[PDB]
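S.K.:
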Amino acid sequence: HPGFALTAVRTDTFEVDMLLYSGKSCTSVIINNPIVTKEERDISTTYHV
Amino acid sequence: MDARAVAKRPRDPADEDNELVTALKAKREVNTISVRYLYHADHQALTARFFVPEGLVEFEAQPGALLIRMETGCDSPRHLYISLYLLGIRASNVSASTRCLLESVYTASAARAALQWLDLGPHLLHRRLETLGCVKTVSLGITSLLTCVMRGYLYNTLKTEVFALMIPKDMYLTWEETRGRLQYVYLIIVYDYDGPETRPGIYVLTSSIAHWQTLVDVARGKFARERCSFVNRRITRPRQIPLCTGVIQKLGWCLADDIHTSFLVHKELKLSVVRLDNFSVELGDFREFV
Amino acid sequence: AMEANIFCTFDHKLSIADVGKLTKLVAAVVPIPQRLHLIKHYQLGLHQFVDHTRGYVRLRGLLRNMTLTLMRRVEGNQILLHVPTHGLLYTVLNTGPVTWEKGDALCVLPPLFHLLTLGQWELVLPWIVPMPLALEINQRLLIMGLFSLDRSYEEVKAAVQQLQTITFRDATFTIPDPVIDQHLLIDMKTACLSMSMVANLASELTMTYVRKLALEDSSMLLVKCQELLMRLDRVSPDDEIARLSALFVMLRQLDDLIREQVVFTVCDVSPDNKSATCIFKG
Amino acid sequence: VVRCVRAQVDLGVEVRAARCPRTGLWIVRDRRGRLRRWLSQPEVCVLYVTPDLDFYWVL
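Chains as they are written, first to last, in the deposited numbering: chain C, 1029 to 1077; chain m, 1 to 290; chain o, 3 to 116, 124 to 243, 259 to 306; chain M, 477 to 535.
1. Are the segment 35–48 of chain o and the segment 126–142 of chain o touching by the rule of at least three beta carbon pairs closer than 8 angstroms?
2. Just verifying my parser: in three-state terms, what is the DSSP assignment at m/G252?
3. Cα-Cα, which of m/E71, m/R78, m/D285 and m/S144 is closest to m/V52?
4. Give a yes or no on whether the C-beta atoms belonging to m/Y172 and m/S207 are separated by under 8 angstroms.
5. In the DSSP assignment, find the beta strand (DSSP E) that holds m/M166 and state where it starts and stops.
6. Does C/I1063 have its Cβ less than 8 angstroms from a Cβ in chain D?
7. From what residue to what residue does the beta strand (DSSP E) around M/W502 run?
8. For m/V290, which residues from the same chain have a beta carbon less than 6 angstroms from its beta carbon, with the 5 sequence-adjacent residues on both sides left out?
9. Strictly below 9 angstroms CB to CB, what residues from chain C border o/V32?
10. Using a Cβ cut-off of 8 angstroms (strictly closer), state whether m/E226 contacts chain M.
11. Under a Cβ-count criterion, where at least 16 other Cβ atoms within 10 Å of its own Cβ denotes burial, should m/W253 be classed as buried or exposed?
12. Assuming m/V218 is part of the alpha helix (DSSP H), what are its boundary residues?
13. o/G154 bridges to which residues according to DSSP?
14. Expressed to the nearest angstrom, what Euclidean distance is found between the alpha-carbon atoms of o/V28 and o/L124?
15. Just curious, the beta strand (DSSP E) that m/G201 is in, first and last residue?
16. If you follow the alpha helix (DSSP H) that m/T98 is part of, which residue opens it and which one closes it?
17. Here's the rule I'm using: 16 or more other beta-carbon atoms within 10 Å means buried, otherwise exposed. How should m/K136 be labelled?
18. For C/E1043, does the count of other Cβ atoms within 10 angstroms reach 16, so buried, or fall short, so exposed?
19. Going along chain m in order, which residues have a C-beta closer than 8 angstroms to the C-beta of C/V1077?
20. Examine chain o for any beta-carbon lying closer than 8 angstroms to the beta-carbon of m/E130, and answer yes or no.
21. Pairing CB atoms from the segment 199–208 of chain o with CB atoms from the segment 272–292 of chain o, are three or more of them under 8 angstroms?
22. So if I threshold CB-CB distances at 7 angstroms, which residues from the segment 184–197 of chain m count as touching chain M?
23. Helix, strand or coil: which one does DSSP assign to m/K270?
24. Should m/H123 be labelled buried (16 or more other beta-carbon atoms within 10 Å of its own) or exposed?
25. On the DSSP bridge assignment, give the partners of m/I89 in chain order.
26. Can you list the residues of chain C that o/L27 reaches, using a CB-CB cut of under 7 angstroms?
27. Cα separation between m/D170 and m/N93?
28. Write down the C-beta distance between m/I68 and m/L118 rounded to the nearest angstrom, noting that I regard them as a contact closer than 8 angstroms.
29. Mapping DSSP to helix, strand and coil, what is o/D20?
30. Just reading off the beta strand (DSSP E) that C/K1066 is part of, what are its end residues?
31. Go to o/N7, then tell me how far its beta strand (DSSP E) extends in each direction, as first and last residue.
32. Which residues mark the beginning and the end of the beta strand (DSSP E) in which o/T181 is found?
33. Give me the Cα-Cα distance between o/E225 and o/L231, rounded to the nearest whole angstrom.
34. Just to confirm, is the Cβ distance from o/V94 to o/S299 under 8 angstroms?
35. State whether the segment 1029–1044 of chain C contacts the segment 10–17 of chain m, with contact taken as three or more CB pairs (one from each stretch) at a distance under 8 angstroms.
36. Would you mind giving the Cβ-Cβ distance between o/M68 and o/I34, rounded to the nearest angstrom? I have them listed as a contact below 8 angstroms.
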C-alpha cells in the first residue's frame, strides 16, 4: 500500500424515458406555407422544402 | 421538323409551369406546399455548402470574404477553410498595428492551429492553399455552415441584395491613378527570400489589364527587390532549391465605379476595408512568375 | 428543349447484361476526337489511340485537344453523349484510381493501371485526378525516364523502386515503368532528350548572351545573374542562329509536360465517394 | 562625430540603428528617419556606442 489513498469518480449513462406535461395552449406556433427552393445538378436535382 | 416549330417563338423558361405544377395539374391533387414559383430557379450563382468550426467563422457573419481552403499533411483534416482576414498574420504586408488588432479577434483554437499548420512543411503557400471564392451566408451554430459562390455574382436569394466582397486595406494594391472602365482583380502572393522572414507578401491587385503576359511583365517591375532577393538567396545559399518567386491567379472583375472604402465591425473592433460591391467570381489556377 | 447530345450508335449485338454493365457508367468522362453529331464506338475513348510502341506522353499530347463529353443516357442501340460547356456544372463519376475531396482542381490523365470488351474493342476511360498528384506523376515519370540508360546498377533499381510509388491521402499507389526491356520508348526518349538539350544549351549560350547584355544592364538584377553563372562555370553566326532555333524547337517539343490546364473543380462529392459535382472549366 | 578636414569634432549625438534586412549590416538614422549621410563623406569618422557596452569605430 502506498502513502496515498484514491478517490475515484466515474459517470454512468442511463437510457431513460422522460414524460413531459404541459397546459392547454401554452405556446403559440406560427407557420407559413412551405417554400420550395431548387438546386440544379446534372443527374440529380434537389429541392429543399 | 416542320416550319411551325422553328417559326414559333422560343418557350419562356420561367413563364411555363414548373415540373411539380405540370405533375400536379395533370392529376389534380392538392398539398400544403406552395409550389407555383420555385426559388433559385433564375439563378446563376453556383453555390457550394461548406462546414466550418467556430474558430474560423469570426469576421464572416458580415457577408463577403475569401473562403480560401488549405490542406494539412495530417490525415484527419484533409482540408480547412481559412478566411482572407485570418491570413493577415502570415502576410508580411500587414502592418504591425493591424496585425496586433486581428490577432486579438481570432483567439480560438482553430485559427492558431491553422497558423501553426501554415508554416511547418517544406513548401510555400501556393502549393499549400487553394482559392474557392466568396461566402454569402452563415448558419452560425457551434459548427457553422457556409455557402460559397464559385462562379457568378454575390446576391441574396430573390435577388434583393447584391452582396459585396471586402478585403483589408493592407492587401489592397492598385497600380495606376487613371483606373479603367472595366477592371479585373487578381490574387498576388509574392515571396521575400529572407531566411527567417520567409513570410509571404499578400496582395489583391485591381488592374485594368486582362492579358497575362503584359500583367506579369509589369509585375516583374514592381517586385524587383523581392526578385533580387530571390537571386540573392539563390547565390548565398546554393544547393537549396526555391521556386515560384511570385504567384498570381485571376479572382474576378468589378465595375471600377463602386470600388470604395468601408469598415468591418466585429465585436466593436472596426477595421478599414476596401469594398467591392458588384463582384463576380471567375477563378483561375495559381500561375507563377519569376 | 433538347440540348447538345451526340448520338453514339453501336455496331454489335449486346445482351441485356451488357446494357446493365454499361448503364453503371452514366456520369463519366469520355474523350472524343471531333465534335461530331453521329459516331460509332470505334471513335469513343482511348483504345483507338493506344499504340504498342508509343506511350504515355504521346497519348497525353493527343489528350489536350479532345472534347471531354459525358454520357447523359443509354438506351436501345444508342448512347446520348453530352458535350459540356464552360460555365455550367455537371456530375462526374469518381472513376479515377484516387479519391477526391471538396475544393480540389481536377484534370485528365491516361490510365496507367488497368468496362466493356469486344473482340477488337475494349472500352477504356481516362483517369480524372487532382492537380498535385498530376504534377507529382509528371515529375515522377520524367525522372524515371531519365534513369533509363544507367539502369544496370544495383542502387538505382532501389532508387526507381522508391520513385515508382506515390502517396496521396490513403493512396499508396504505384505506376508502371516507362522503360520496357532496358531501352526507352521513343516517346519518353524525346521527352527526356528535350530536357537534356535545353539544359545543355542553357549551360552554354547564356553566359555569352548575358555578357553581351551586361553593357546595357540597367537594373540591379542581371549582374547578380551573370555573377551566379560565372560562379557555376568553375564561330560563324549561322551556328548561333541554328542553336537558338534548336533551343526553341526543343522547347516547342516539350509543352505537353510543362503544365496542365484545370478542367474540373469539385463542389461537393457524393457520400460513399463515387461521384461529385464539378463546374467545367476550359 | 569627428570631422577631420574642417576640424569640428561634434561631441555627442543620438542616432537610431537597425539591421537592413537585405543583408546582415547596420543602418543609422535620425529621429525622423533621415538616414544620416556622413558615412559617404571621406572627411568624417564616427564612434558608436550601444547600451550593451558595444564599441563601433567607423571610418
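Here a beta-carbon is modelled for each residue, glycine too, at the ideal position from N, C-alpha and C.
M.R.: For this structure:
1. yes
2. By one-based count along the second sequence, residue 252 of chain m stands at place 252. For m/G252, the secondary structure class from DSSP, reduced to helix, strand or coil, is strand.
3. As a working mapping, residue 52 of chain m is identified with position 52 in the second sequence. The shortest C-alpha separation from m/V52 is found at m/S144.
4. Locating residue 172 of chain m in the second sequence gives position 172, where the first residue counts as 1. Locating residue 207 of chain m in the second sequence gives position 207, where the first residue counts as 1. Cβ atoms of m/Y172 and m/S207: not closer than 8 angstroms.
5. In the second sequence, the residue the question calls residue 166 of chain m occupies position 166. Segment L165 to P168, the beta strand (DSSP E) holding m/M166.
6. Protein chains C, m, o and M are contained in the structure displayed, whereas chain D is not.
7. Mapped onto the fourth sequence, residue 502 of chain M falls at position 26. Segment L501 to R505, the beta strand (DSSP E) holding M/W502.
8. On the second sequence, residue 290 of chain m is found 290 positions in, with the first residue counted as 1. Counting only Cβ-Cβ distances below 6 angstroms, and skipping sequence neighbours, we find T245.
9. Numbered from its first residue, the third sequence carries residue 32 of chain o at position 30. In chain order: nothing, as chain C lies at least about 15 angstroms away.
10. Your numbering for residue 226 of chain m matches position 226 in the second sequence. Answer no: the Cβ-Cβ gap between m/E226 and chain M never drops below 8 angstroms.
11. For the purposes of this step, residue 253 of chain m is taken as residue 253 along the second sequence, with counting starting at 1. It is buried - the Cβ of m/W253 has at least 16 other Cβ atoms within 10 Å.
12. As a first step, residue 218 of chain m is located in the second sequence; it is residue number 218 there, counting from the start. Segment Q213 to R220, the alpha helix (DSSP H) holding m/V218.
13. In the third sequence, the residue the question calls residue 154 of chain o occupies position 145. Residue pairing by DSSP places o/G154 opposite no residue, since no beta bridge is assigned to it.
14. Here the question's residue 28 of chain o lines up with position 26 in the third sequence. Here the question's residue 124 of chain o lines up with position 115 in the third sequence. Between o/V28 and o/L124, the C-alpha separation is close to 12 angstroms.
15. Sequence index remark: in the second sequence, residue 201 of chain m carries index 201 (1-based). Note, m/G201: beta strand (DSSP E), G201 to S207.
16. Mapped onto the second sequence, residue 98 of chain m falls at position 98. Segment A96 to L102, the alpha helix (DSSP H) holding m/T98.
17. Counting from 1 along the second sequence, the entry for residue 136 of chain m is found at position 136. With 16 or more Cβ atoms within 10 Å of its Cβ, m/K136 is classed as buried.
18. Stepping through the first sequence from its first residue, residue 1043 of chain C is reached at position 15. With fewer than 16 other Cβ atoms within 10 Å, it is exposed.
19. Here the question's residue 1077 of chain C lines up with position 49 in the first sequence. The contacting residues are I33.
20. The sequence position of residue 130 of chain m within the second sequence is 130, counting from 1. Closer than 8 angstroms: yes.
21. By the C-beta criterion, the segment 199–208 of chain o is judged to be in contact with the segment 272–292 of chain o, since at least 3 inter-stretch pairs fall below 8 angstroms.
22. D194 and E197
23. Residue numbering aside, residue 270 of chain m sits at position 270 when the second sequence is read from its first letter. Reduced to three states, the DSSP call for m/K270 is strand.
24. Residue numbering aside, residue 123 of chain m sits at position 123 when the second sequence is read from its first letter. That one is exposed.
25. In the second sequence, residue 89 of chain m corresponds to position 89, counting from 1. Paired residue(s): none; m/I89 is not in a bridge.
26. Translated into positions along the third sequence, residue 27 of chain o becomes position 25. The contacting residues do not exist; o/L27 stays about 12 angstroms from chain C at best.
27. By one-based count along the second sequence, residue 170 of chain m stands at place 170. By one-based count along the second sequence, residue 93 of chain m stands at place 93. Looking at the two C-alpha atoms, the distance is approximately 6 angstroms.
28. As a position in the second sequence, residue 68 of chain m is number 68, starting the count at 1. As a position in the second sequence, residue 118 of chain m is number 118, starting the count at 1. Taking 8 angstroms as the upper bound for CB-CB distance, m/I68 and m/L118 are not in contact here, some 11 angstroms apart.
29. Residue numbering aside, residue 20 of chain o sits at position 18 when the third sequence is read from its first letter. Secondary structure at o/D20: helix, using DSSP grouped into helix, strand and coil.
30. Within the first sequence, the letter at position 38 stands for residue 1066 of chain C. Looking at the DSSP string, the run of the beta strand (DSSP E) that includes C/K1066 is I1063 to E1067.
31. Sequence index remark: in the third sequence, residue 7 of chain o carries index 5 (1-based). It spans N7 to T11 - the beta strand (DSSP E) in which o/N7 sits, taken as one unbroken run.
32. Taking the third sequence and counting its residues from 1, one reaches residue 181 of chain o at position 172. Note, o/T181: beta strand (DSSP E), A180 to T183.
33. One-based indexing of the third sequence puts residue 225 of chain o at position 216. One-based indexing of the third sequence puts residue 231 of chain o at position 222. For o/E225 and o/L231, the distance between alpha carbons rounds to 10 angstroms.
34. Numbered from its first residue, the third sequence carries residue 94 of chain o at position 92. Numbered from its first residue, the third sequence carries residue 299 of chain o at position 275. In this structure, o/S299 lies closer than 8 angstroms to o/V94 by Cβ.
35. no
36. Numbered from its first residue, the third sequence carries residue 68 of chain o at position 66. Numbered from its first residue, the third sequence carries residue 34 of chain o at position 32. Taking C-beta atoms under 8 angstroms as the contact rule, o/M68 and o/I34 qualify, at a distance of about 6 angstroms.
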